[PDB]
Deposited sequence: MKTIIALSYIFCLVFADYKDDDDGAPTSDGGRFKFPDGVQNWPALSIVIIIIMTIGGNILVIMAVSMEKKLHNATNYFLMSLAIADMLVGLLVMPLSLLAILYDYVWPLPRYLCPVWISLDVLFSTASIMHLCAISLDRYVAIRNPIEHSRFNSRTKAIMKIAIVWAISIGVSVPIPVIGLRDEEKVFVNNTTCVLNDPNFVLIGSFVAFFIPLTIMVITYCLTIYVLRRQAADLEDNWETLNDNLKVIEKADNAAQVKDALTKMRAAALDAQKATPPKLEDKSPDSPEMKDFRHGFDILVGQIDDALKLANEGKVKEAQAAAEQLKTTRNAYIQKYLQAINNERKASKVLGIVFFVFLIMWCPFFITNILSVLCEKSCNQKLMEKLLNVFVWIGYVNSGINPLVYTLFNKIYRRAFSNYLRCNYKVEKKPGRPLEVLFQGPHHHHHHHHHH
């Protein structure tokens, strides 16, 4: 009666339990799609892009993970019809790349928004980005149907197991789908953290000059000395202002005290100006806390960026690196262990798709309360 498998030919039940992570991925992104849909605040362009990413990652857990689970259930013997594997593999390359490409764009956008925060029809650009991202991924995926259709031996080999059999594609696909985006995310990340640290140093330097000039005002006795030190603060305040409205307004109201004290410093006596430097001391200490919460925001952003980039490396690097070694190293490297590692590094890349939502909820207050409400509402 032929050679059957399903629904009881399962050879590995311990692997079945791994469904747990699958259930987390599908729902994890659904909550994001809910947040961007229900919440009025999350109708921002960048959030629509996170939704697109969520669509990519959700489809990974929806269409790629379950079929890889069946593959493990039957000890890597394809139980489904033959035509359904090249379909599976192509989807694997598609959504996985879409996930990567999306992540790369997020890095780029975050750099621009950090460099020149003056940015705010605004949706047409986001639509343009989503389209381009999905267009590139499709390009990376179309070789699968092409190669598979023009030769059956290249998708599954022993009339049993289904695995890529074209080393040229593996090299190219890996190089263009991961290593080029990786290079962009490396340089991008480095520039972003550089800009961030430079902005922090600027605020700290402006605050130091505001203190040092006050000390030397209380110190010396020359009316022109008070004039010089008292004028250098006016610039240090105007420069720190352009670097939360109560803070810039604090620099604006203390500037007025620098005007009064500077008027009484040239035509008046040094003692009265030094007495005005006291009122300046108090107006500075009034906002010393708002200065600390500003620099704290700087260090917070630095940590979040370092996390997301680190996670991306830890997740996708093992697969693609070993994938490269498995093709271009056909002798020196151990091949049996290579397959043993790749089998796990594949699902590590999968887990990244489920980590992305869990990442953008741990740090955003709106997503935290949005998730905490979607889980308890139903």
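Student: Which ranges of the deposited chain go unmodelled, in order along the sequence?
Tutor: Going by the record, the segments left unmodelled (no C-alpha atoms) fall at 1 to 29, 150 to 152, 276 to 289, 425 to 452.
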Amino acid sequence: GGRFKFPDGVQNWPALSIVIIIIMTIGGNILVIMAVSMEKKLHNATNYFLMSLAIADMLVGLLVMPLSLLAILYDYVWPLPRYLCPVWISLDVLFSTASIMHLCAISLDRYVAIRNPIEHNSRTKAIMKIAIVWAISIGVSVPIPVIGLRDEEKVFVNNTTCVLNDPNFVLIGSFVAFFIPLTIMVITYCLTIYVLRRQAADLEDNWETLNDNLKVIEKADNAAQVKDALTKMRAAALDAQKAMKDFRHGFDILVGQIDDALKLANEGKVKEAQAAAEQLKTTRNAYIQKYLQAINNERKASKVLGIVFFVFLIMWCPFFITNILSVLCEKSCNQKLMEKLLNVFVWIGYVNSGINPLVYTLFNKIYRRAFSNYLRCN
From here on, numbers count along this sequence of modelled residues.
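Student: Tell me which stretch has the larger mean Cα B-factor in this entry, 324 to 332 or 24 to 32.
Tutor: The entry gives the higher C-alpha B-factor average to 324 to 332.
Student: So 36 to 44 or 65 to 73, which one's hotter by mean CA B-factor in the entry?
Tutor: That would be 36 to 44.
Student: Check the PDB entry and point out which of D92, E267, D109, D166 has the largest C-alpha temperature factor.
Tutor: The C-alpha B-factor peaks, among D92, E267, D109, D166, at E267.
Student: Name the residue from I307, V87, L191, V255 with the greatest C-alpha temperature factor listed in the entry.
Tutor: Result of the comparison over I307, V87, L191, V255: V255.
Student: Relative to the other modelled residues of the same chain, rank the CA B-factor of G9 and answer lowest, middle or highest third.
Tutor: According to the entry, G9 has a C-alpha B-factor in the chain's highest third.
Student: Which third of the chain does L362 land in by C-alpha B-factor: lowest, middle or highest?
Tutor: Within its chain, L362 is a highest-third residue by C-alpha B-factor, going by the deposited values.
Student: Once the chain's modelled residues are ordered by C-alpha B factor and cut into thirds, is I136 in the lowest, middle or highest one?
Tutor: Ranked within chain, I136 CA B lands in the lowest tercile.
Student: Please rank the C-alpha B-factors of the chain's modelled residues and tell me whether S302 sits in the lowest, middle or highest third.
Tutor: It belongs to the lowest third of the chain when residues are ordered by C-alpha B-factor.
Student: Compared with the other modelled residues in the chain, in which third is the CA B-factor of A237?
Tutor: As the PDB entry reports it, the C-alpha B-factor of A237 lands in the highest third of its chain.
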